[PDB]
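As a plain string of letters, each chain reads:
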Amino acid sequence: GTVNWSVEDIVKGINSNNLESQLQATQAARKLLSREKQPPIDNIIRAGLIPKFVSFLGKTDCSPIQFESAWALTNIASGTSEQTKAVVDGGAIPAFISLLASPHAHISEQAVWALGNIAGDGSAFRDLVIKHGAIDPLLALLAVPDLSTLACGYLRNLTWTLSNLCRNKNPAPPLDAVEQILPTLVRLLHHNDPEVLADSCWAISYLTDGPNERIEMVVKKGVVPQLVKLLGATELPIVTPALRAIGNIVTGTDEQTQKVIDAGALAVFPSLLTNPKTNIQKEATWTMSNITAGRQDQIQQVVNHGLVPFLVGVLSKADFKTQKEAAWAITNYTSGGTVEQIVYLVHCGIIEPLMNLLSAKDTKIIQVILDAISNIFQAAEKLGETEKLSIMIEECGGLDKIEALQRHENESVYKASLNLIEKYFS
Amino acid sequence: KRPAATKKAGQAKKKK
């Protein structure tokens, strides 16, 4: 009936003066836009049908055409920034916002999905959706005693759309919008659906990606523990975003960082630092480096959990990118750690795997490592031990790589290395 | 002390 229509036909119908003809034609257009086989978004946009659809949104008297056009507009808005721009230019934002209140759950759900695609385009449309005031209508849809009573899919679209209202930066979402949304977001980070949980974490990970004041309004809601918990989840789709949020939170003040330490975070890393998925590792190691860059009592917490051996492990064999984060973790640690602690690090075998990395073709890491070395040597000369440290690095061929680097092209490199040699070698 | 970019996050938009 309404399958495979030509854009030509779809136009004929939408332009006719028969509501039904139009509805039939709109359902037809919807189907075209709902195929994976590269759907005719541009042709439909070219036919000049968006303003027509946008108009059908208001046909309160004919719910089906509202739905059909809503779905059509949704897939067009799911395209390129330009395709999404087309929808916005058509006057759809306020229209879709009106449909949030639609008595037809399936129509408002489409309005939620559409505003989701629009806001997802970026800051500008995100803030435009916000200026038309979509947050209240949205948040209103989740104003129930028990979330479980809502339709599983209906709840996932809302969580996802809110997720995009938090997404992006430069500029970051409006502060009062974040504060308005956070309460509801927290209630979602406690729902049983693994999908709501994942998008919720993405939402929180976004919000925590920025200035410390931002991380604070999130940490201030006491979600950290709930995150550390989700950090132990089985479903990678949840663990990935949860680890990202925790990772961000520790890029803030030592007080905020302490929160995850108290939350129990550190206890989940032996697993995270040996995780089969490299990115979980890459991000877990990065997270570790931001913790080893904090207080000494916080460096102690890392030590007490027996994570130093894990870092040694990552520093030894892992993806290069993971090893670079390890390099930092180790370099940050030796940066603010006590002598006693920098001693432990070497007693764990950090020296050998550290030298071997002085072979990679990445001037920056070669820096970070040498950097860590002088740090270590420094704590050594406080124990006169230096010579042992020398012997040691010489034992595993580190001296060769250093005295070699001494003749590197980067100015800083050959300089730090050259000094190491004279001041501590051969 | 230092944060970076992403392993693409973002399915910004969803179809049908």
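Calculation rules
- Residues numbered from 1 in each chain as written, not as in the entry; some residues may be left out.
- Chains lettered and ligands numbered in written order.
- Heavy atoms only, no water.
- Helix = DSSP H or I, 4+ residues; strand = E, 2+ residues; numbered from the N terminus.
- Buried < 20%, exposed > 50% of the residue type's maximum accessible area, 1.4 Å probe, protein only.
- Polar contact = N/O pair within 3.5 Å; in protein donor to acceptor, adjacent residues only side chain to side chain.
- Contact = heavy atoms within 4.5 Å.
- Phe/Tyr/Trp six-rings, centres within 6.5 Å; stacked < 30°, edge-to-face > 60°.
- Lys NZ or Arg CZ within 6 Å of the ring centre and 35° of its normal.
- Axes fitted to C-alpha atoms, helices over the stretch in contact; angles between N-to-C directions.
- Nonpolar A, V, L, I, M, F, W, Y, C, P; charged D, E, K, R; others polar.

As documented in the archive entry, the model was determined using X-ray crystallography at 2.90 Å resolution.

Draft legend 1. Structural context of the side chain of A:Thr257. Residue and element names in this part refer to chain A. Its place among the elements puts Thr257 in helix α17 (residues 254–263). Using a relative accessible area of 2% as the deciding quantity, one classes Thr257 as buried. Here the side chain of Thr257 touches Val250 through a polar contact of 3.4 Å, landing on its backbone oxygen. Setting aside residues no more than four positions away along its own chain, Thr257 makes contact with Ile249, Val250, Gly252 and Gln298.

Draft legend 2. Summary view of the packing of aromatic side chains. Under the criterion given, the structure shown has four aromatic pairs over all chains. Where A:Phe377 meets A:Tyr424, the ring centres are 4.2 Å apart and the plane angle is 10 degrees; that geometry is what we call stacked. On the criterion of sequence distance, the pair formed by A:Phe377 in helix α25 (residues 363–381) and A:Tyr424 in helix α28 (residues 411–424) is long-range, its members being 47 residues apart. Of the aromatic side chains, those joined through ring pairs into one cluster are A:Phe377, A:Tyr424 and A:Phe425. A:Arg30 extends its terminal NZ or CZ atom over the ring of A:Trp71, reaching a point 4.2 Å from the ring centre. Seen from the ring of A:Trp113, B:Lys14 lies directly overhead, with NZ or CZ sitting 4.9 Å from the centre.

Draft legend 3. Molecular detail of the side chain of A:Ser417. In this structure, A:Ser417 sits in helix α28. Sequence-distant contacts of A:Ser417, that is, excluding residues within four places in its chain, are made with A:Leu370, A:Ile402, A:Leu405 and A:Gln406.

Draft legend 4. Local environment of unusual backbone geometry. Residue and element names in this part refer to chain A. Omega for the bond connecting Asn170 with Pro171 falls within 30 degrees of zero, at 0 degrees, which places this linkage in the cis form. In this fold, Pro171 is placed in the loop between α11 (152–166) and α12 (175–188). Residue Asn170 is classed as exposed on the basis of its relative accessible area of 73%.

Draft legend 5. Representation of the environment of A:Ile41. All names here are of chain A. Tracing the backbone through its elements, the reader meets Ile41 in helix α3 (residues 41–46). Spatially, the C-alpha atom of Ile41 lies 8.0 Å from that of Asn75, the residues being 34 residues apart in sequence. Ignoring anything within four residues of it in the chain, the contact list for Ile41 reads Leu33, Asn75, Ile76, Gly79 and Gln83.

Draft legend 6. View of the packing of α25(A) against helix α26 (residues 386–395) of chain A. Residue and element names in this part refer to chain A. α26 packs onto α25 with a crossing angle of 145 degrees between their chain directions and a minimal axis gap of 8 Å. Here α25 contributes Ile373, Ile376, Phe377, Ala380 and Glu381 to the contact with α26, which in turn contributes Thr386, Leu389, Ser390 and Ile393. For the contact of α25 with α26, the per-class residue count stands at six nonpolar, two polar and one charged.

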